[PDB]
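Student: Encoded as structure tokens, here's the structure I'll be asking about.
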Amino acid sequence: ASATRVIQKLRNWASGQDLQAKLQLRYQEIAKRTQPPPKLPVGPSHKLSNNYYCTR
Amino acid sequence: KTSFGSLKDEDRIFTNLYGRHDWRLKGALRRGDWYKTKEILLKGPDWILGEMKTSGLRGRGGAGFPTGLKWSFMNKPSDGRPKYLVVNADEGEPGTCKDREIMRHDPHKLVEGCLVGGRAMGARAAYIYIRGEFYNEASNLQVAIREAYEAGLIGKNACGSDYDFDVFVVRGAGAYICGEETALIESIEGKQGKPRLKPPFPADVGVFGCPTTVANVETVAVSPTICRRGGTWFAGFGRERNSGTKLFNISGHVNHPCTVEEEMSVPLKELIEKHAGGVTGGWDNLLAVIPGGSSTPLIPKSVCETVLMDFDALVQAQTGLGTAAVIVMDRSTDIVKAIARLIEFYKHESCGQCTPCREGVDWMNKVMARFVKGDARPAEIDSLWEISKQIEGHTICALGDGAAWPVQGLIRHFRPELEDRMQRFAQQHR
Ligand SMILES: Cc1cc2nc3c(=O)[nH]c(=O)nc-3n(C[C@H](O)[C@H](O)[C@H](O)COP(=O)(O)O)c2cc1C
Ligand code: SF4
């Protein structure tokens, strides 16, 4: 992403593809390594009634 | 007859219910006790059992099982063992005082009923297991028994009928579960008040391992009046299969809480407004009624409008006729607090022998306390219903049933009250 315009034009012409649009090196668009804490949902059997194990 | 009530004083059995006359032997002889009982004993066991059957009397203890058939379960030749009649005077159930009243005011009726039932089944002794808190009642019973022994009505010649019978009185030590049949038998036998399983039934293996029959004080005391006046008269009182008279203890939010003797099948509204002086604040102020003691569930005013006091009538009303203890609760009643107090009573009085009653009644007590505080979420109502259904029918005795039933009645009827309390708690914290 730090390549000059001359080198970018040379690479684009030499490969035939727009390379700066799809760079294989991740710079800033990736997710943060620190994330907010999650709250995972519970399944269908997490109920206090009509949940006898013989019925499932 | 299609309308029941307005019982006549010439037909009331417990003529000294209020203690206005002498409770001793002289007063009992004036009131008509111990009359022709020698002739009854000479007519013998099969005639008395037939009289009880044609009277159609049901157990006053709670279950209501037909007294004639239950007493005819011991109509067998002896296998070398003695046979015993036992009187359940425990009266542990809340709302109930009728057995206490008839023990302390008509004790000779109880003694004559013990003699009649013991002869009808074939027996040498009647053990009256009285509640340990009824010390004065036990002393009055012993005074009456001493009077009967001195008069020769009991002991080595049962009124000159060549029958031998002894009436003992044994006191409990404060356990509601000792009012149960088999737990009472164990308490007499000297162990803890833990009920034993059936089979064996007490008619085969009972107190000390003999054939025995536990019967209610009211049932035993109305037995000789049934024998004297005939079973047809007692069956003529009351409806079909729910016959005779009954002692109703009306307590709670009524103007005159009292114990009265009334004909069976009486309307609840008529009974309350006639004998209790009505609900405090009025019938419109009435909210709920527990009609048969704390074992039976509650019923709201809408079904209390036209309900009767039969076993079958309360069964159709999804309740039962237990000890005929009518607890009345008005609009000012904290209904959830009352039911949680009943569940706390059952938690304190469960004997803890068997796992569903023990653990589940403790669980219901905790859940009901949180329901009173409002400290739960409304799925716990259905959870508590499922817990009560797990308790009911899976226990050794019927205390688990009698603890699951009030929770079931409260959930069945006053569920929006619970939900309103719970959402109010949720909104005043969040
Ligand atoms: C927990 C529990 C407590 C009971 N307490 C009494 C009691 O105090 N007095 C009583 O007469 N019956 C009581 N019963 C009902 C007895 O089972 C019943 O009275 C006894 O079997 C005699 O039957 P009867 O009603 O035909 O006389 C209780 C039952 C249970 C399950
Ligand atoms: S149901 Fe309760 S009171 Fe009855 S035997 Fe079980 S633990 Fe004891």
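Each chain of the structure tokens is named A, B, ... in the order shown, its residues numbered from 1; ligands are numbered from 1 in display order.
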May I have the residues within 8 Å of ligand 2, computed using only C-alpha atoms and all ligand atoms, as a ChimeraX atom specification?
Tutor: /B:177,183,194-196,349-358,395-401
Student: Counting only C-alpha atoms, collect the residues of chain A whose closest atom lies at most 8 Å from chain B, and write them out as a ChimeraX atom specification.
Tutor: /A:47-49
Student: What would the file look like if the residues just selected were written as a short mmCIF file (atom, residue, chain, number, x, y, z; two decimals), in the first residue's frame with C-alpha atoms?
Tutor:
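Below you can see part.cif, which holds the result:
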```cif
data_model
loop_
_atom_site.label_atom_id
_atom_site.label_comp_id
_atom_site.auth_asym_id
_atom_site.auth_seq_id
_atom_site.Cartn_x
_atom_site.Cartn_y
_atom_site.Cartn_z
CA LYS A 47 -36.61 -23.54 29.34
CA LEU A 48 -38.06 -24.12 32.80
CA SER A 49 -41.15 -26.08 31.72
#
```
Student: List all protein, DNA and RNA residues that have any atom at most 6 Å from ligand 1, counting only C-alpha atoms and all ligand atoms, and write the list as a list in words.
Tutor: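 Every residue with an atom at most 6 Å from ligand 1 is listed here: residues 59, 60, 61, 62, 63, 64, 65, 67, 88, 89, 90, 91, 92, 93, 176, 177, 179, 180, 181, 214, 215, 216, 219, 397, 398 and 399 of chain B.
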Student: Which polymer residues have any atom within 9 Å of an atom of residue 42 (chain B), counting only C-alpha atoms, with same-chain residues fewer than 5 positions away left out, as a PyMOL selection string?
Tutor: chain B and resi 37+161-162
Student: Could those residues be written to a file, using N, CA and C atoms, as a compact mmCIF listing (two decimals), in the first residue's frame?
Tutor:
```txt
# COMPACT_ATOMS: atom_id res chain seq x y z
N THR B 37 -76.19 -49.67 74.32
CA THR B 37 -74.95 -50.10 73.68
C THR B 37 -74.65 -51.56 73.97
N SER B 161 -71.87 -57.22 78.32
CA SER B 161 -72.09 -57.96 77.08
C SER B 161 -71.10 -59.09 76.89
N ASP B 162 -70.33 -59.43 77.93
CA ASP B 162 -69.30 -60.47 77.88
C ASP B 162 -68.26 -60.20 76.79
```
Student: So how far away is CA of residue 319 (chain B) from CA of residue 193 (chain B), in Å?
Tutor: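 Calculated distance between CA of residue 193 (chain B) and CA of residue 319 (chain B) is 27.0 Å.
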Student: Find the spatial neighbours of region 68-78 of chain B, counting only C-alpha atoms, within a cut-off of 10 Å - ignore same-chain residues fewer than 4 positions away - and output them as an MDAnalysis selection string.
Tutor: chainID B and resid 45:46 48:59 82:85 117:118 120:123 201:204 211:215
Student: Can you pull out every residue within 10 Å of region 413-415 of chain B, counting only C-alpha atoms, but drop anything in the same chain fewer than 3 positions away, and send it as a CSV table (one decimal) with C-alpha atoms, in the first residue's frame?
Tutor:
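Output saved as around09.csv:
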```
chain,number,residue,atom,x,y,z
B,288,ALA,CA,-61.1,-16.9,48.1
B,297,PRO,CA,-56.6,-26.0,47.0
B,298,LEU,CA,-58.3,-22.6,47.1
B,299,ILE,CA,-61.4,-21.6,45.2
B,300,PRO,CA,-62.2,-18.0,44.2
B,335,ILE,CA,-53.1,-14.5,48.8
B,336,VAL,CA,-49.6,-15.4,47.7
B,378,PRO,CA,-43.0,-15.7,34.8
B,381,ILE,CA,-44.9,-20.3,37.5
B,408,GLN,CA,-51.7,-25.9,42.0
B,409,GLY,CA,-54.8,-24.0,43.1
B,410,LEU,CA,-53.0,-20.7,43.4
B,418,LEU,CA,-48.6,-13.4,40.5
B,419,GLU,CA,-47.7,-12.0,37.1
B,420,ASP,CA,-48.6,-8.5,38.2
B,421,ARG,CA,-46.4,-8.8,41.4
```
Student: Choose the residue, out of B:277, B:19, B:402, B:293, that has the smallest atom-to-atom separation from residue 248 (chain B); count only C-alpha atoms.
Tutor: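 Comparing B:277, B:19, B:402, B:293 against residue 248 (chain B), the winner is B:293.
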Student: Would you list the contacts of region 362-371 of chain B as an MDAnalysis selection string, taking every protein, DNA or RNA residue within 7 Å and counting only C-alpha atoms, but skipping same-chain residues closer than 6 positions in sequence?
Tutor: chainID B and resid 340 343:344 347 384
Student: Which polymer residues have any atom within 9 Å of an atom of residue 94 (chain B), counting only C-alpha atoms, with same-chain residues fewer than 5 positions away left out, as an MDAnalysis selection string?
Tutor: chainID B and resid 293:295 325 342
